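The chain contents come next:
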Amino acid sequence: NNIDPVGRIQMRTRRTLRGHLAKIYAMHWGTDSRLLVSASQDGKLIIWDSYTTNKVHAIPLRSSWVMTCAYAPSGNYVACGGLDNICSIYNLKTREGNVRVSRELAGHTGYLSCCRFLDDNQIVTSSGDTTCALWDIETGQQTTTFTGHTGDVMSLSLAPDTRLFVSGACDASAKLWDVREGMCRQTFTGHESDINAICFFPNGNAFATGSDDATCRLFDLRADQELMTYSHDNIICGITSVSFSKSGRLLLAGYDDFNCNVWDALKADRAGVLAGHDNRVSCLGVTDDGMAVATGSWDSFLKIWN
Amino acid sequence: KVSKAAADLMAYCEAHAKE
Amino acid sequence: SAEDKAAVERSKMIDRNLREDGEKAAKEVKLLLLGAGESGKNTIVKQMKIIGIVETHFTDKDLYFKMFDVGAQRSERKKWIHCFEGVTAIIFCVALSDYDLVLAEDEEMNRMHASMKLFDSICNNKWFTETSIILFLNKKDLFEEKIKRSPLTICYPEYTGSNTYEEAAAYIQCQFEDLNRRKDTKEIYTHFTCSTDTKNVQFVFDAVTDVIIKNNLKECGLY
Amino acid sequence: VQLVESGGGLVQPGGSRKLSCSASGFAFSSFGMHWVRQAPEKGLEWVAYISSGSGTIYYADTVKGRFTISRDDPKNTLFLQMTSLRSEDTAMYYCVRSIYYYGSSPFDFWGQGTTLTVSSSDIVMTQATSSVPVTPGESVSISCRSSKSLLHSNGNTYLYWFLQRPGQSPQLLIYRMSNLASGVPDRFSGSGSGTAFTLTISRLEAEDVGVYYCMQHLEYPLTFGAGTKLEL
């Protein structure tokens, strides 16, 4: 209403990654804008790239079903999900071996949904029993435990300053959690239905959240409320994943119509319209530089848009 | 604030020369 | 460069390995076992072993395949079936000791109502329709004993049938297709799995050969 | 984790000799293997290298057509057949394990090799210095020249730095001249233009008298050259 409209922006495909047969659930992009890891369904830890367009590692796993893949900021450790509560941690740089395991993470009752690497030592997992606790490879046990959601959580989101993370369960609400003390600091509500994925602002002042109610909103940490709402009349489906831009100016949200929609910051206008997906999109990844955005659907098509 | 964190990405997202 | 040139050969080798793994996994039928609470979850896997999900393997007449037991998992069905999209055969092990127990303190009804609700939610699903659900009847001896000691029509006032062993074992099949809406692309198989003999596995293993062809014909499109 | 080499003894010019290398503890079908050799007179020279899984094979311009290599994945035993060898190729062979991927650090663990004494198009890289007595801890800066134009799409230097340490094999410590490998601390720095390279060495520790070796990573016949040596 006051901000100058950016206008209609055209999005084109930069590259298409082919050579995988399993379903692509998670697409975690590294902090170096060079490599990215994706998840499979037959226990194949696959790592892709944008410019070179060549996979670098693939190792069979004990757990066939993989829900997520976490890529370390330094590119040293990697961990996959799983429904059998087996969060096997793997490393790339190994002597006399390609990929090996040293520590085994166990002790969860609910199914693991997503995993995020806070740093090279402490990692956080999202289980299906409302235990989004933090773990360590050295001690093999959890340090702090986060609880307070009436339902199980299925998504996580870290912060650039590496000090706290926001977590939102299926209770149509999101809560912030500190790594030091380990308890909810603020609760945000206003979604009509459950959420699927959450994303954090690069600056750290707010965070966006997409739900199945065909609505989007960004909760402010200082104002303790959302600024604007992204309603939709001709959309009956929901949002499976949400992400920000390099600095948080552009909004990205994948819908169930085998495409994605690019929303503005305050104008709430569909500037970019996506297409070309044969199956339902699962998760998309935005690089730190904000140049290209890779999307992951169920048709084993890792298309990069730029 | 609001527009200070948005002008940073408004210069590299649309001016990308495929580098 | 030399590294960029060797990367092509490395990609070719890793793609050949991935294709070999996919071809090896494409000949293994994926069975998905589920059931009610303690509805014979361990007595069924302890049969073919001599001749938090669970992974089991057993080869019969030169046909190796993997089988996934759901195990103990207390979660919703909206986010749990997304991982299990595309399973060819879902084996439901219904319980025969849930209609006699009293109503639970947390559940609004008894365990049999929860069992039929879970069956309805796993059958009348919009995600997977081309797949198939088989039903395994376990613990038949104790069921016949408790149905000869206590009647069965006292809890089911919908019908006025007799209290025998064959009629009770035959009426429980037709009561499962009334809840299904799509029948032209969905089918339900029911077999008898005795707990006293081990030679019954081959009585249902060939039954798998009946359903797999179905999804094979799903690639034909002539149906 | 180990690479033992056997097959030493005496050989006559014009005969045959068996050179084998037993290596275990790693995936033999997921690593590269080089056949670089070191002579007591000249520096390093590349003779052969085959891709993983018995893929592509290449040779030099003076060896292709005389020697033949082999490979064995199950038994993990190497082979090397000599056919009409001369007396001017005497050296001490090696058995090097390598790996090639994006951001990789190859040439980690090499072999020790046995002494093989014998009785009686191509690009060439140039060096800068041969031997200069420099005291330890004087901010030594080794320079390197080139006669080729580097205009690759990635934008990095295709060159590795080797150090012949008396006692073991010259393992690789500085790769791409801009990153640090495993086993060495972060204390070096590489700069320069696309033709000249300036590598600085700060705060050298004790017993650093080994000779350096420079190479290129854009062509199969790895041109090593003489190399730069230091003194006490």
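Residues numbered from 1 in each chain as written, not as in the entry; some residues may be left out. Chains lettered and ligands numbered in written order. Part of a larger assembly, values for the part shown. Heavy atoms only, no water. Residues with missing side-chain atoms left out of burial classes, pairs and counts.

Per the PDB record, the structure was determined using cryo-EM to 4.0 Å resolution.

### Regarding the state of the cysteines
Any covalent bond linking the sulfur atoms of two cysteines counts as a disulfide. Disulfide partner of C21 of chain D: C95 of chain D, at an S-S distance of 2.0 Å. Across the disulfide from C21 of chain D to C95 of chain D, rotation about the S-S bond amounts to roughly 90 degrees, and the bridge is consequently right-handed. A residue pair is termed long-range when its members are at least 10 positions apart, and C21 of chain D in strand β3 (residues 20–24) and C95 of chain D in the loop between β11 (92–93) and β12 (96–98) qualify at 74 residues. Counting only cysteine sulfurs, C115 of chain A is the nearest neighbor of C87 of chain A, a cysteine outside any disulfide, at a range of 3.7 Å. (Disulfide = S-S within 2.5 Å. Helix = DSSP H or I, 4+ residues; strand = E, 2+ residues; numbered from the N terminus.)

### Looking at the domain arrangement of chain D
All names here are of chain D. Parsing chain D into structural domains produces domain 1 (1–119) and domain 2 (120–226). Distance from the C-alpha centre of domain 1 to the C-alpha centre of domain 2: 23 Å. Contact with domain 1, which involves 22 residues of that partner, is made by 18 residues of domain 2. (Domains from an automatic or database assignment. Contact = heavy atoms within 4.5 Å.)

### Points about the sheet that holds strand β2 (residues 27–29) of chain A
All names here are of chain A. Spatially, the three strands line up as an open sheet ordered β2-β3-β4, and their pairing is antiparallel. Edge positions in the sheet fall to β2 and β4 (46–49), since each has one partner strand and no second. The average angle at which neighbouring strand axes cross in this sheet is 30 degrees, direction not considered. As paired strands, β2 and strand β3 (residues 35–38) are joined by three bridges and run antiparallel to one another. In the sheet register, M27 faces β3, and the bridge partner there is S38. (Pairing = 2+ DSSP bridges. Axes fitted to C-alpha atoms, helices over the stretch in contact; angles between N-to-C directions.)

### Digging into the arrangement of the chains
Here four pairs of chains are in contact, and chains A and C lead that list by number of contacts. In this structure chain B stays clear of chain C, and the shortest span between their C-alpha atoms is 19 Å. Nothing in chain B touches chain D; the tightest C-alpha to C-alpha distance between them is still 10 Å.

### Looking at the pairing of β3 of chain A
Consecutive side chains along a regular strand alternate between the two faces of the sheet. Residues and elements named next belong to chain A. Here β2 folds back onto β3 in antiparallel fashion, the turn holding five residues, of which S33 has a positive phi close to 60 degrees. Bridging between β3 and β4 involves four bridges; their strand directions are antiparallel. Bridge pairing in β4 places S38 opposite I46.

### Looking at the sheet that holds strand β10 (residues 122–126) of chain A
Residue and element names in this part refer to chain A. Spatially, the three strands line up as an open sheet ordered β9-β10-β11, and their pairing is antiparallel. In the strand order of this sheet, the two ends are held by β9 (114–117) and β11 (134–136), each with one partner. Mean inter-strand twist for the sheet, computed between neighbouring axes without regard to direction, equals 30 degrees. Where β10 and β11 come together, three bridges link them in antiparallel fashion.

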